[PDB]
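>>> this one's sequence-less:
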């Protein structure tokens, strides 16, 4: 079970960028995939996720209205699409997968990704 | 004489509201039970004698459970904290004995059911839509609350009557139940309640007999099988979510939910095979995983769980043959006492007792089905609620069956 | 929303001395707080879930407990590979939040 993400790079403020979080060893439509970012020399910051089956989504206060998270069970991949980025969005972006619902009724991140840097 | 009847009636009216909505409702209801038993002192010495055909297979079956469940400690020196949860299954004896002495009016029980379901729906709606919560349970654990909601809805499905309004209330009971469950996720409880409510159509509509249930389940099964002929709709690709898991488990890689669950079940049912009579002990399931030869060669998630997630496997592995028999009995003996009251009420006409027996049987079936995927013994709230409800329904069921 | 605070923000202790980390919460989270260890320039890994259960591949030295709404983590002893940052995440509310992040 591995999760890999790519798509980061240099982008000027006001543009747009899309990150693809390829997954392996499980089905993206089964569990829930969470994006999380960490500012350089700072703590982790949550942004959004998607529900397991319903597809319901929630967004953080700062990224709401411009970030579009999506899933595609055909390719077993998860994507996060950002619009109108500012200079405060520079951080390293990680993937995240919760444990099984029965082992932990409350969400708990166990398998992560290598991460990508956006600037 | 009469005052005990009126206060027991209002208590059974308010029991669902207290348990589901009131935060510390278990303690309040256990005080309400005590303030009734403390009132009849020379009673209950001539109430055990009157219903010893129903009371005794609710007392002996629990005393044997407790004795076998504490007789593990004499050797398996685990601390007493294990038997603090089965200390809550003795409350069924008290909550049946109090009802037997103080005859209630179970006409208000159904009104309490629907009031509690609607108020719980309002509470969960507030806690999910405004105070954003991932698992909107009122004041207890999400899984335990889901079990509570399913049991309350299934009890309320057995509304006594055959009329427009009674059918409306019965249907609204399941509608509110499924809304509450879906708002709380845990759709496993939803499917358990849906499959449990199908045999209860026997009690619901007193026209549809065994054949008019067999045909219905055949049609439902055919509709379900109709999905795979076109595997594009979400129906096909959610039961297809475990086909890969099981086919992988049959192969070398076992690091998946179905795979982990099956590996734990096998490591439990092989230890049970090696130790037929007594296992590692009461509780103490982690010793099997910590001492096995699979966890010594890999550090998979199956090697850190405190307890198994299958009652028929957890009880068998931890206790053994006597423990398995007593654990089965704790659910089946009520299931045999409800049938013997349902048939009596059927022979007496008396539709209210018939519906009560049907509700009790449905609760037993739902508890078994839920235990088929989780251990209901761990959650103290689940244990105390099940004991209270199973000792409260059978009280009025026996009262109506006898007279 | 919900604000999580950690104390101390940065503490240092020699090997063999047990250290405790406290994660507080603005509102009431029943048990939906997990703990993570992050090494410099590496993806964090789960340590404790539901605040009282260890995760696979985590030695039994790590342990957590709950006291009301003040959540604490402690370690049996410090080994040289245990010097890394720690974080606490609350998952009760649908909008999860990470703490400030302590450093060892």
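Here it is on my side, so go on. Numbering: from 1, shown residues only, chains lettered A, B, ... in the order given.
>>> return the residues of chain A in contact with chain B.
Contact residues (C-beta under 8 Å from any C-beta of the partner chain) of chain A with chain B: A:1, A:25-27, A:29-30, A:53, A:58, A:73, A:99-103, A:105-107. (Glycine included, C-beta is placed from N, CA and C.)
>>> Three-state assignment for residue B:295, please.
Here residue B:295 is recorded as coil under DSSP: H, G, I helix; E, B strand; the rest coil.
>>> who's the residue nearest the centre of chain C bridged to?
Centroid-nearest residue in chain C: residue C:35, 3.8 Å away (criterion: C-alpha atoms, centre = their mean). Note on residue C:35: beta-bridge partners by DSSP bridges are residue C:48, residue C:88.
>>> what's the spacing between the residue of chain B most remote from its centre and chain C?
Farthest-out residue of chain B from its mean C-alpha position, per C-alpha atoms, centre = their mean: residue B:297, at 37.7 Å. Residue B:297 is 13 Å from chain C, where distance means C-beta to the nearest C-beta, to the nearest Å.
>>> does chain A sit close to the strand or helix carrying residue B:178?
Using DSSP states H and E, residue B:178 maps to helix B:164-183. No. For helix B:164-183, no contact with chain A is found by C-beta under 8 Å from any C-beta; the gap never falls below 9.4 Å.
>>> tell me which other helices or strands that helix touches.
Applying 3 or more C-beta pairs under 8 Å, 6 or more residues apart in numbering or on different chains; DSSP states H and E, one finds that helix B:164-183 contacts helix B:107-129, helix B:142-157, helix B:187-197.
>>> deepest in the core, which of those helices is it.
helix B:142-157 (a mean of 26; mean count of other C-beta atoms under 10 Å in any protein chain shown).
>>> quick one: check that one for contact with chain C.
No. Using C-beta under 8 Å from any C-beta, we find that helix B:142-157 stays clear of chain C, coming within 9.3 Å at best.
>>> nearest residue to residue B:389 in space, ignoring adjacent ones along the chain?
residue B:151 (6.1 Å; C-beta to C-beta, 6 or more residues apart in numbering or on different chains).
>>> you'd agree that neighbour is up against residue B:385?
Yes. Contact criterion C-beta atoms under 8 Å: residue B:151 and residue B:385 qualify, at 7.3 Å.
>>> and residue B:203, which of the three is it?
helix.
>>> er, residue A:48 actually
strand.
>>> mind listing what it touches?
A:34-35, A:57-60, A:63, A:67, A:69, A:80 (C-beta atoms under 8 Å, 6 or more residues apart in numbering or on different chains).
>>> pairing partners for it in the sheet, please.
residue A:35, residue A:59.
>>> ok, of the residues of chain A next to chain B, which come out buried?
With burial judged by 16 or more other C-beta atoms under 10 Å in any protein chain shown, the buried subset of these is A:26-27, A:29-30, A:58, A:99-103, A:105-107.
>>> out of those, who's near chain C?
A:58, A:99, A:103, A:106-107.
>>> that older thread, for residue B:164, find the nearest of the helices and strands packed on helix B:164-183.
Closest to residue B:164 of the helices and strands packed on helix B:164-183 is helix B:107-129 (C-beta to C-beta; 15.8 Å).
>>> got phi/psi on residue B:18?
Per-residue torsions, residue B:18: phi -60, psi -50 (degrees, to the nearest 10).
>>> need the contact list for the residue positioned nearest the centre of chain A.
Nearest to the geometric centre of chain A sits residue A:35, at 2.2 Å (C-alpha atoms, centre = their mean). The neighbours of residue A:35, taking C-beta under 8 Å, 6+ apart as the test, are A:19, A:21, A:47-49, A:69, A:80, A:93-96.
>>> and the residue in chain B that chain A sits nearest to, how far from residue A:73?
Residue of chain B nearest chain A, by C-beta to the nearest C-beta: residue B:257 (4.5 Å). Separation of residue B:257 from residue A:73 (C-beta to C-beta, to the nearest Å): 17 Å.
>>> wait, which of the contacts of residue A:35 is closest to chain B?
Distances from chain B to those, taken by C-beta to the nearest C-beta, are shortest for residue A:49, at 10.1 Å.
>>> state the number of residues packed around the closest residue to that closest one other than its chain neighbours.
With sequence-adjacent residues excluded and distances taken as C-beta to C-beta, 6+ apart, residue A:49 is closest to residue A:34, at 4.0 Å. Residue A:34: 22 surrounding residues under other C-beta atoms under 10 Å in any protein chain shown.
>>> got it, and the one 10 residues further on?
Burial of residue A:44, expressed as a neighbour count using other C-beta under 10 Å, amounts to 23.
>>> now residue B:249: how far from residue B:243?
Counting by C-beta to C-beta, the gap from residue B:249 to residue B:243 is 11 Å.
>>> these two: who's more crowded?
Each of residue B:249 and residue B:243 has its neighbours counted (other C-beta under 10 Å); residue B:249 has more, 20 against 10.
>>> for the more buried one, grab phi and psi.
Torsion angles, degrees, to the nearest 10, at residue B:249: phi -60, psi -40.
>>> contacting residues for the closest residue in space to it that isn't next to it in sequence?
Closest residue in space to residue B:249, ignoring its immediate chain neighbours: residue B:259 at 4.0 Å, by C-beta to C-beta, 6+ apart. Counting by C-beta under 8 Å, 6+ apart, residue B:259 touches B:245-246, B:248-249, B:253.
>>> how is residue B:259 assigned, secondary-structure-wise?
Assignment for residue B:259 (three-state DSSP): helix.
>>> got it, and residue B:218?
With three-state DSSP as the criterion, residue B:218 reads helix.
>>> gap between it and residue B:198?
Taking C-beta to C-beta, one finds residue B:218 at 12 Å from residue B:198.
>>> likewise for residue B:100?
For residue B:100 relative to residue B:198 (C-beta to C-beta), the value is 32 Å.
>>> between these two, who's got more neighbours?
Set residue B:100 next to residue B:198 and count neighbours by other C-beta under 10 Å: residue B:100 wins out with 24 against 12.
>>> thought the more buried one was touching residue B:53?
No. If you go by C-beta under 8 Å, residue B:100 and residue B:53 don't touch, sitting 11.5 Å apart.
>>> phi, psi of residue B:382?
Per degrees, to the nearest 10, the backbone of residue B:382 is at phi -60, psi -40.
>>> re the thing from before, let me have the helices and strands packed on helix B:164-183 in a markdown table, extended by distance to residue B:44.
As requested, the helices and strands packed on helix B:164-183 are arranged in a markdown table below (distance: least, C-beta to C-beta, whole Å):
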| stretch | distance to residue B:44 |
| --- | --- |
| helix B:107-129 | 22 |
| helix B:142-157 | 25 |
| helix B:187-197 | 34 |
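>>> tell me where chain C has strands.
C:6-7, C:20-23, C:33-38, C:45-49, C:53-54, C:62-67, C:70-75, C:85-90, C:97-98 (DSSP state E).
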